[PDB]
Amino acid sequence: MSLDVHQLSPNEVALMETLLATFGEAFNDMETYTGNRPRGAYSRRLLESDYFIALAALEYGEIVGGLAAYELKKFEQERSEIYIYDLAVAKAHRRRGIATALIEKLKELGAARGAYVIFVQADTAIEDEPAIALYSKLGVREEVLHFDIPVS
């Protein structure tokens, strides 16, 4: 395997755009991830922010997977946690340890940031158990309730 797990820099908005296409195909929601892409300026400032983390997995120059996460600096104590928002690997490239490699990279990035934990919500439907099997091996599962409150 020639896998390269790479943290996107502010100098790599172009890579972020391709990663969005990887997310779209993997989530079967191309319209959401590529239908109204941000401007380079917006994407750039996000990449040079203190809390946003974008990882890309590459094979011979091709993006085959990636991860988007947010570092949450806490208020009750001097500590931080990393929230994995999106994580995806291209279909032809799955069951090969790419997602594991991405999370392993996020761990060593987290330890360098002083974060004490990484957490991620797993959807529960039929499409999910590959991710659930992935998350169950790395962390501790707990069943919670999620609510989407609308904003006008």
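Note that residue numbering follows the sequence shown and begins at 1.
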| remark: Stretch with higher mean Cα temperature factor, 34-42 vs 99-107, is 34-42
| message | I need to verify one thing: averaged over C-alpha atoms only, is the B-factor higher for 59-67 or for 89-97? | response | 89-97
| query | In the PDB entry, which of 117, 53, 112, 84 has its C-alpha at the highest B-factor? | reply | 112
| remark: So, residue 136's CA B-factor, relative to its chain, sits in which third? The middle
| task | Comparing against every modelled residue in the chain, figure out the third that the C-alpha B-factor of residue 21 lands in (lowest, middle or highest). | result | middle
| said: Using only modelled residues of the chain, where does the Cα B factor of residue 14 rank: lowest third, middle third or highest third? | reply: middle
